[PDB]
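**Student:** My questions will all concern the structure given below.
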Amino acid sequence: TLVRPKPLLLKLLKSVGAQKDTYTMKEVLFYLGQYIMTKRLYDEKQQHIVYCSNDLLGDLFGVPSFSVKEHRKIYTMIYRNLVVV
Amino acid sequence: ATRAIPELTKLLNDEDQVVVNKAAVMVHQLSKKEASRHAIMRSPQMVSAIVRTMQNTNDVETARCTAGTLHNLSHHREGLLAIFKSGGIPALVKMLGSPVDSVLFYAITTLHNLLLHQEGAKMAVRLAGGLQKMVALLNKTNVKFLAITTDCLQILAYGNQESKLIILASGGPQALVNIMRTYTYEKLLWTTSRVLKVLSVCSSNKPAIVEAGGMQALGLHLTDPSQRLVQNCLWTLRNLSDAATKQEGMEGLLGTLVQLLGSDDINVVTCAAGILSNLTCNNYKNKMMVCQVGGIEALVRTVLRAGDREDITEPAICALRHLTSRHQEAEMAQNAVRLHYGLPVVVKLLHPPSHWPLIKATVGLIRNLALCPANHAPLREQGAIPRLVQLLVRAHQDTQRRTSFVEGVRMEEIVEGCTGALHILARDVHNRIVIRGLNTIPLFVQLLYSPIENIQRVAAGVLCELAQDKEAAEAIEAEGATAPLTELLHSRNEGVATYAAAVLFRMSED
Amino acid sequence: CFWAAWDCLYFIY
Ligand SMILES: *CC(=O)Nc1ccc(NC(=O)C*)cc1
C-alpha cells in the first residue's frame, strides 16, 4: 500500500527529516511516532496518552489529546490528510 | 453342407509360400456369402490355420485375405468364439504392429467386436500385448480408425486401474491431448474425452494430463453443439482441475466457463463453478482474469438463481472468497459483490437449511467481504452479527462435549472462522456496540484457553478491536483476561505475542 | 511503555 500525504502533513515528516514524497503506512506510522517521542508529547506518568494542544498534530488531527490505542480513530485521522495511490 | 473343410485345411499349411497366396485368395472370397461363412465358423480346424498364416507370413495379399476373413466372421456370433478358442487374440494384436493400413481396419475392428460381443477378451487382450500396440498406433493420419482405436482404450481401461496405469507409462496422456487439440470429428473427440475421464479419477494420471496440456485443449470444444461431448469435457476438468493450479494458457478457458454460468443446464453450472473454485485457490493472475471477464456479476447471479441448492452455492462462495482475497484486484472484487446485489443472499446462506460444509465457506467469505469498509454497514443491516454469533455459540457448545466429522466439518473450524470474521467486522464502531450488546465478551475469554493457535490469534485479536471503547475495555478486564493473557506473550507465532499484548495495553493502565 | 505501544499500534496496520 502506497499513499501520498497532503503537504500540510508532510511538514511533520519533513521535520524529523523525510526525503520521499510518498510513503507506505508503515513509514508514516514510523515517522509520526518519532515526532511524538522526539518533541515529547506523551505523559511520562502514564504513557498511553498523547498531548497536542498547540502542536502540528493538534492542527492535523483536530483533537487536543488522543490516547495511543484508540486505533480506528488514529487510523482515520491519518486517513484524511493523504490521497491514496 | 461341410465335406470340403479338410480339403481347405491342409492347403494353407503348405510349405510353398506361393500356393498359400493362391489358397487364401478364395477363402476371403468364399467367406463373403452368409452361406459358406457358416461352414468356416463350424470348423476350428480351418480357422486354426488362418490364425497361423496371419502371425507367420511375409506376403501382403495373404495377410489382407486372412485378417479380412476374420472380419467377415466378427459380425456373426459363433464366429467370434472360434477366433477366441483358436488363440486369435495374441495374433490379432500382433498385426497391430506390422505397418499396413489394409490390415488394421480389419484387425482393430475384429478386436473391437471381440471386446464387446464376447466376454473374456477384455482380459486376454490386457495379457497378450494389447494396450501397448493400440496407444502406439494413435498417430495414424486417419480419423475414423482412431475412433475405433480410442474406443478400445475406453473398454480396457474402464474401471481397471491395472490398465489405467498401463496407458500411463506408454506416454498416454500426452498423445490423447494431441487428438482433441487437432482433429474435428465429433465421434472421435467424444470417445477421446470419454477416455480422459476414466483416466482422471485415478490420482496418478491427474497431473500428467495437465502437464501435457489437457485443460487448455479440452476447453476448445466447450462450444461444440453435441452436449454428449460438452459435459464430458467439463466432467473431466472438474476431476482434473485439482492439479492444474500452476500453469498458464487458460486465458480463453476462463473466458468461457463464466458464460456457462448463465446456462439452462443445472449440471453444467455445477461442473463450472467447481472448476473456478479449484482454479483460483493459489494462482495470482487467474483471479485477475476472472475479474477481467466480468466474473463477479455472472457468479453473483448464479447464487441468486440456484437457491438453497448448496451443490451450486458451495463452489460459488469459495470462488468469490478467492477473488476477494490476496491479489491486486481485491478492492474491486470486494466491491462488485455489493454493486451487483450479492450481499443480502450471502447472509441468507448462514441460516438453515444450509448444511455445515457450505456454512464453513460462507463465514469465511464474510471476513473477506468485510475488508472493504463499504460493506460494514450492509452486513450489519442484513443481520450478520446476530447470526455469526449464533453459529459461534453452537460451535463452542458442541465441541465443549469433551465429557464424552462425518458431516465433513471439524467443529473447531467454525470457531476459527466466526471469531475471525468478527475480528474484521469489529472495526466499524456500530458493530462494536452490537457485538458487545449481544453479551459475547465473557465467551471470547473462555476461547482464550483453546490450545489451537488459530483460535487465540483471532480471539485475542477481536478483543483488541473491542478494546478501543472504555465501555468495553474495563469490562473485559473484569471477566478474566487479566491472567490468561499474561502468558500469551511468549507463544511461538509472532501473531499472538502481539494482539494478546495489544489488549493489555489499554486495560489496567491508568 | 510508549516504545512497546506504537509497535502494537502498527500491527493491525
Ligand atoms: C502490544 C502491547 O500493547 N504491548 C505492551 C504495551 C504496554 C506494556 N505496558 C508497560 O510496560 C507499562 C507492555 C506491553
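Residue numbers start at 1 in each chain; chains themselves are named A, B, ... in the order of the C-alpha cells; ligands are numbered from 1 in the order shown.
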Select from chain B every residue with an atom at most 9 Å from any atom of ligand 1, then for each give the shortest pair of atoms and their distance in Å to one decimal, using only C-alpha atoms and all ligand atoms, rows by chain and rising number, as JSON lines.
**Tutor:**
{"residue": "B:489", "atom": "CA", "partner": "ligand 1", "partner_atom_place_in_ligand_line": "14 (C)", "distance": 8.7}
{"residue": "B:497", "atom": "CA", "partner": "ligand 1", "partner_atom_place_in_ligand_line": "1 (C)", "distance": 7.9}
{"residue": "B:498", "atom": "CA", "partner": "ligand 1", "partner_atom_place_in_ligand_line": "1 (C)", "distance": 5.0}
{"residue": "B:499", "atom": "CA", "partner": "ligand 1", "partner_atom_place_in_ligand_line": "1 (C)", "distance": 6.0}
{"residue": "B:500", "atom": "CA", "partner": "ligand 1", "partner_atom_place_in_ligand_line": "1 (C)", "distance": 7.1}
{"residue": "B:501", "atom": "CA", "partner": "ligand 1", "partner_atom_place_in_ligand_line": "1 (C)", "distance": 4.1}
{"residue": "B:502", "atom": "CA", "partner": "ligand 1", "partner_atom_place_in_ligand_line": "1 (C)", "distance": 3.5}
{"residue": "B:503", "atom": "CA", "partner": "ligand 1", "partner_atom_place_in_ligand_line": "3 (O)", "distance": 6.2}
{"residue": "B:504", "atom": "CA", "partner": "ligand 1", "partner_atom_place_in_ligand_line": "3 (O)", "distance": 5.7}
{"residue": "B:505", "atom": "CA", "partner": "ligand 1", "partner_atom_place_in_ligand_line": "3 (O)", "distance": 3.9}
{"residue": "B:506", "atom": "CA", "partner": "ligand 1", "partner_atom_place_in_ligand_line": "3 (O)", "distance": 7.3}
{"residue": "B:509", "atom": "CA", "partner": "ligand 1", "partner_atom_place_in_ligand_line": "12 (C)", "distance": 7.4}
**Student:** At a cut-off of 12 Å, which residues of chain B touch chain A? Count only C-alpha atoms and give the answer as JSON, numbers by chain.
**Tutor:** {"B": [328, 331, 373, 424, 426, 427, 428, 429, 432, 464, 465, 466, 467, 468, 469, 470, 473, 499, 501, 502, 503, 504, 505, 506, 507, 508, 509, 510]}
**Student:** Save out the residues we just selected, C-alpha atoms, as a CSV table (one decimal), in the first residue's frame.
**Tutor:**
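Printed below is out31.csv as written:
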chain,number,residue,atom,x,y,z
B,328,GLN,CA,-4.3,-6.9,-6.9
B,331,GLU,CA,-10.7,-3.8,-3.5
B,373,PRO,CA,-15.2,-0.8,4.6
B,424,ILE,CA,-12.8,-7.8,10.8
B,426,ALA,CA,-15.5,-5.2,14.8
B,427,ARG,CA,-13.8,-2.3,13.1
B,428,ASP,CA,-17.0,-0.3,12.5
B,429,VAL,CA,-17.9,1.3,15.8
B,432,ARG,CA,-18.7,-2.9,18.4
B,464,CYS,CA,-8.2,-5.9,20.5
B,465,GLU,CA,-10.7,-4.5,18.1
B,466,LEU,CA,-13.1,-4.1,21.1
B,467,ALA,CA,-10.5,-2.5,23.4
B,468,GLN,CA,-10.9,1.0,22.0
B,469,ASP,CA,-14.1,1.8,23.8
B,470,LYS,CA,-13.6,2.1,27.5
B,473,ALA,CA,-12.3,-2.2,27.9
B,499,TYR,CA,-2.5,-8.8,19.8
B,501,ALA,CA,-0.4,-7.8,24.4
B,502,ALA,CA,-2.3,-5.2,22.3
B,503,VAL,CA,-5.3,-5.9,24.6
B,504,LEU,CA,-3.3,-5.4,27.8
B,505,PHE,CA,-2.1,-2.0,26.6
B,506,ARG,CA,-5.4,-0.2,27.1
B,507,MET,CA,-7.0,-2.1,30.0
B,508,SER,CA,-5.5,-1.8,33.5
B,509,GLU,CA,-3.2,1.1,32.6
B,510,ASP,CA,-4.2,4.5,34.2
**Student:** Near range 23-38 of chain A, counting only C-alpha atoms, which residues have an atom at most 6 Å away, once you skip same-chain residues fewer than 3 positions from it, shown as a PDB file with N, CA and C atoms, in the first residue's frame?
**Tutor:**
ATOM      1  N   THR A   1       0.822  -1.205   0.000  1.00  0.00           N
ATOM      2  CA  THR A   1       0.000   0.000   0.000  1.00  0.00           C
ATOM      3  C   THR A   1       0.859   1.258   0.000  1.00  0.00           C
ATOM      4  N   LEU A   2       0.604   2.137  -0.966  1.00  0.00           N
ATOM      5  CA  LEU A   2       1.290   3.416  -1.078  1.00  0.00           C
ATOM      6  C   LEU A   2       0.283   4.551  -0.966  1.00  0.00           C
ATOM      7  N   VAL A   3       0.662   5.597  -0.238  1.00  0.00           N
ATOM      8  CA  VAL A   3      -0.161   6.790  -0.086  1.00  0.00           C
ATOM      9  C   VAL A   3       0.713   8.017  -0.297  1.00  0.00           C
ATOM     10  N   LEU A  13       6.503  15.006   8.693  1.00  0.00           N
ATOM     11  CA  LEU A  13       7.505  14.034   8.274  1.00  0.00           C
ATOM     12  C   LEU A  13       8.793  14.726   7.845  1.00  0.00           C
ATOM     13  N   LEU A  41       5.603  14.338  23.552  1.00  0.00           N
ATOM     14  CA  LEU A  41       4.187  14.651  23.657  1.00  0.00           C
ATOM     15  C   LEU A  41       3.421  13.681  24.543  1.00  0.00           C
TER      16      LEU A  41
END
**Student:** At most 7 Å is the cut-off: for each residue in chain C with any atom that close to an atom of chain A, write down the nearest atom pair and the distance in Å rounded to one decimal, counting only C-alpha atoms, chain first then increasing number, as CSV.
**Tutor:**
residue,atom,partner,partner_atom,distance
C:1,CA,A:47,CA,6.5
C:2,CA,A:47,CA,5.8
C:6,CA,A:33,CA,6.9
C:9,CA,A:69,CA,6.6
C:10,CA,A:29,CA,6.8
**Student:** Near residue 114 in chain B, counting only C-alpha atoms, which residues have an atom at most 8 Å away, once you skip same-chain residues fewer than 6 positions from it, shown as JSON, numbers by chain?
**Tutor:** {"B": [74, 80, 121]}
**Student:** Keeping only C-alpha atoms, take the residues you just selected and write them out as an mmCIF file, in the first residue's frame.
**Tutor:**
data_model
loop_
_atom_site.group_PDB
_atom_site.id
_atom_site.type_symbol
_atom_site.label_atom_id
_atom_site.label_comp_id
_atom_site.auth_asym_id
_atom_site.auth_seq_id
_atom_site.Cartn_x
_atom_site.Cartn_y
_atom_site.Cartn_z
ATOM 1 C CA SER B 74 -16.925 -60.949 -36.409
ATOM 2 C CA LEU B 80 -16.130 -64.947 -32.527
ATOM 3 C CA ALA B 121 -11.369 -60.790 -24.488
#
**Student:** Dump as a PyMOL selection string the residues of chain C that approach chain B to within 9 Å, counting only C-alpha atoms.
**Tutor:** chain C and resi 1+4-5+7-9+11-12
**Student:** Would you put the residues from that selection into a file with N, CA and C atoms, as an mmCIF file, in the first residue's frame?
**Tutor:**
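Just written: selection.cif:
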data_model
loop_
_atom_site.group_PDB
_atom_site.id
_atom_site.type_symbol
_atom_site.label_atom_id
_atom_site.label_comp_id
_atom_site.auth_asym_id
_atom_site.auth_seq_id
_atom_site.Cartn_x
_atom_site.Cartn_y
_atom_site.Cartn_z
ATOM 1 N N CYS C 1 7.262 1.982 27.794
ATOM 2 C CA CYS C 1 5.851 1.634 27.658
ATOM 3 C C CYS C 1 5.220 2.334 26.460
ATOM 4 N N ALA C 4 6.852 0.220 23.525
ATOM 5 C CA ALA C 4 6.107 -1.023 23.389
ATOM 6 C C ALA C 4 4.650 -0.787 23.014
ATOM 7 N N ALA C 5 4.282 0.459 22.721
ATOM 8 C CA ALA C 5 2.912 0.830 22.387
ATOM 9 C C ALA C 5 2.709 0.961 20.883
ATOM 10 N N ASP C 7 4.380 -0.041 18.498
ATOM 11 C CA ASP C 7 4.634 -1.255 17.731
ATOM 12 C C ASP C 7 3.370 -2.094 17.604
ATOM 13 N N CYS C 8 2.650 -2.283 18.710
ATOM 14 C CA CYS C 8 1.367 -2.966 18.633
ATOM 15 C C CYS C 8 0.317 -2.108 17.947
ATOM 16 N N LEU C 9 0.522 -0.790 17.894
ATOM 17 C CA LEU C 9 -0.350 0.077 17.112
ATOM 18 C C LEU C 9 -0.250 -0.304 15.644
ATOM 19 N N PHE C 11 0.342 -2.869 14.142
ATOM 20 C CA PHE C 11 0.281 -4.304 13.921
ATOM 21 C C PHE C 11 -0.952 -4.699 13.130
ATOM 22 N N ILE C 12 -2.102 -4.085 13.430
ATOM 23 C CA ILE C 12 -3.287 -4.187 12.581
ATOM 24 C C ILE C 12 -3.183 -3.256 11.391
#
**Student:** List every residue of chain A that DSSP, applied to the backbone, labels as alpha helix (DSSP H), and write the result as a ChimeraX atom specification.
**Tutor:** /A:7-16,25-38,56-60,72-78
**Student:** Could you please take those selected residues and save N, CA, C and O atoms as a CSV table (one decimal), in the first residue's frame?
**Tutor:**
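Listed below is the output, result-v2.csv:
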chain,number,residue,atom,x,y,z
A,7,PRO,N,0.3,18.1,1.7
A,7,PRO,CA,1.5,18.9,2.2
A,7,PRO,C,1.4,19.4,3.6
A,7,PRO,O,2.4,19.6,4.2
A,8,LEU,N,0.2,19.7,4.1
A,8,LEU,CA,0.0,20.1,5.5
A,8,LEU,C,0.4,19.0,6.5
A,8,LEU,O,0.7,19.3,7.6
A,9,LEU,N,0.5,17.8,6.0
A,9,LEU,CA,1.0,16.7,6.9
A,9,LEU,C,2.5,16.5,6.6
A,9,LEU,O,3.2,16.1,7.5
A,10,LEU,N,3.0,16.7,5.4
A,10,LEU,CA,4.4,16.4,5.0
A,10,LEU,C,5.3,17.2,5.9
A,10,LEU,O,6.4,16.7,6.2
A,11,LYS,N,4.9,18.4,6.4
A,11,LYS,CA,5.7,19.2,7.3
A,11,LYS,C,6.2,18.4,8.5
A,11,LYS,O,7.3,18.5,9.0
A,12,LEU,N,5.2,17.5,9.0
A,12,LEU,CA,5.6,16.7,10.2
A,12,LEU,C,6.7,15.7,9.8
A,12,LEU,O,7.6,15.5,10.6
A,13,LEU,N,6.5,15.0,8.7
A,13,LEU,CA,7.5,14.0,8.3
A,13,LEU,C,8.8,14.7,7.8
A,13,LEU,O,9.9,14.2,8.1
A,14,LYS,N,8.7,15.9,7.2
A,14,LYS,CA,9.9,16.6,6.8
A,14,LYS,C,10.6,17.2,8.0
A,14,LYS,O,11.7,17.7,7.9
A,15,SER,N,9.9,17.3,9.2
A,15,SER,CA,10.6,17.8,10.4
A,15,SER,C,11.6,16.9,10.9
A,15,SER,O,12.7,17.2,11.1
A,16,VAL,N,11.2,15.6,11.2
A,16,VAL,CA,12.2,14.6,11.5
A,16,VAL,C,13.1,14.3,10.4
A,16,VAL,O,14.2,13.8,10.6
A,25,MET,N,2.2,3.0,4.7
A,25,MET,CA,1.6,3.3,6.0
A,25,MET,C,2.5,2.8,7.2
A,25,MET,O,2.4,3.3,8.3
A,26,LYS,N,3.5,1.9,6.9
A,26,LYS,CA,4.5,1.6,7.9
A,26,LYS,C,5.4,2.8,8.1
A,26,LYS,O,5.8,3.0,9.3
A,27,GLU,N,5.8,3.5,7.1
A,27,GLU,CA,6.7,4.6,7.2
A,27,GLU,C,6.0,5.8,7.9
A,27,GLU,O,6.7,6.5,8.7
A,28,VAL,N,4.8,6.1,7.5
A,28,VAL,CA,4.1,7.2,8.1
A,28,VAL,C,3.8,7.0,9.6
A,28,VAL,O,4.0,7.9,10.4
A,29,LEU,N,3.4,5.7,10.0
A,29,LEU,CA,3.3,5.4,11.4
A,29,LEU,C,4.6,5.3,12.1
A,29,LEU,O,4.7,5.2,13.3
A,30,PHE,N,5.8,5.3,11.4
A,30,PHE,CA,7.1,5.4,11.9
A,30,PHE,C,7.6,6.8,12.1
A,30,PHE,O,8.0,7.1,13.3
A,31,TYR,N,7.5,7.6,11.1
A,31,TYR,CA,8.0,9.0,11.2
A,31,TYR,C,7.1,9.8,12.2
A,31,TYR,O,7.6,10.7,12.8
A,32,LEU,N,5.8,9.4,12.3
A,32,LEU,CA,5.0,10.1,13.3
A,32,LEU,C,5.3,9.7,14.7
A,32,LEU,O,5.4,10.6,15.6
A,33,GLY,N,5.5,8.4,15.0
A,33,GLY,CA,5.9,8.0,16.3
A,33,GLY,C,7.3,8.5,16.7
A,33,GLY,O,7.5,8.6,17.9
A,34,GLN,N,8.1,8.9,15.7
A,34,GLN,CA,9.4,9.5,16.0
A,34,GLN,C,9.2,11.0,16.5
A,34,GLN,O,9.9,11.5,17.3
A,35,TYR,N,8.2,11.7,15.9
A,35,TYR,CA,8.0,13.1,16.3
A,35,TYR,C,7.4,13.2,17.7
A,35,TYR,O,8.0,14.0,18.5
A,36,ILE,N,6.4,12.4,18.0
A,36,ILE,CA,5.8,12.5,19.4
A,36,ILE,C,6.9,12.2,20.4
A,36,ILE,O,6.9,12.8,21.5
A,37,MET,N,7.8,11.2,20.1
A,37,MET,CA,8.8,10.8,21.0
A,37,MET,C,10.0,11.8,21.1
A,37,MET,O,10.6,12.0,22.1
A,38,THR,N,10.3,12.4,20.0
A,38,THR,CA,11.3,13.5,19.9
A,38,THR,C,10.8,14.8,20.6
A,38,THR,O,11.4,15.2,21.6
A,56,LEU,N,1.6,20.7,15.8
A,56,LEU,CA,1.2,20.4,14.4
A,56,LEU,C,0.1,19.3,14.4
A,56,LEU,O,-0.8,19.3,13.6
A,57,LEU,N,0.3,18.3,15.3
A,57,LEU,CA,-0.7,17.2,15.4
A,57,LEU,C,-2.1,17.8,15.9
A,57,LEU,O,-3.1,17.3,15.4
A,58,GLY,N,-2.1,18.8,16.7
A,58,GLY,CA,-3.3,19.4,17.1
A,58,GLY,C,-4.0,20.2,16.0
A,58,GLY,O,-5.2,20.5,16.0
A,59,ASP,N,-3.3,20.5,14.9
A,59,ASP,CA,-3.9,21.0,13.7
A,59,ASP,C,-4.2,20.0,12.7
A,59,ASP,O,-5.3,20.0,12.0
A,60,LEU,N,-3.3,19.0,12.5
A,60,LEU,CA,-3.6,17.9,11.5
A,60,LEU,C,-4.8,17.0,12.0
A,60,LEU,O,-5.8,16.8,11.2
A,72,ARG,N,-8.8,2.8,15.2
A,72,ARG,CA,-9.6,3.3,14.1
A,72,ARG,C,-9.7,4.8,14.0
A,72,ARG,O,-9.6,5.4,12.8
A,73,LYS,N,-9.8,5.5,15.1
A,73,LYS,CA,-9.7,7.0,15.0
A,73,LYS,C,-8.4,7.5,14.6
A,73,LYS,O,-8.3,8.3,13.7
A,74,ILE,N,-7.3,6.9,15.2
A,74,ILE,CA,-6.0,7.3,14.7
A,74,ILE,C,-5.8,6.9,13.2
A,74,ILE,O,-5.2,7.6,12.4
A,75,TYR,N,-6.3,5.7,12.9
A,75,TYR,CA,-6.1,5.2,11.5
A,75,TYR,C,-6.9,6.1,10.5
A,75,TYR,O,-6.5,6.3,9.4
A,76,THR,N,-8.0,6.7,11.0
A,76,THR,CA,-8.8,7.6,10.1
A,76,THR,C,-8.4,9.0,10.2
A,76,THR,O,-8.5,9.7,9.2
A,77,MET,N,-7.8,9.4,11.4
A,77,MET,CA,-7.3,10.8,11.5
A,77,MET,C,-6.1,11.0,10.5
A,77,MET,O,-6.0,12.0,9.9
A,78,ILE,N,-5.3,10.0,10.4
A,78,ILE,CA,-4.3,10.0,9.3
A,78,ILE,C,-4.9,9.9,7.9
A,78,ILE,O,-4.5,10.6,7.0
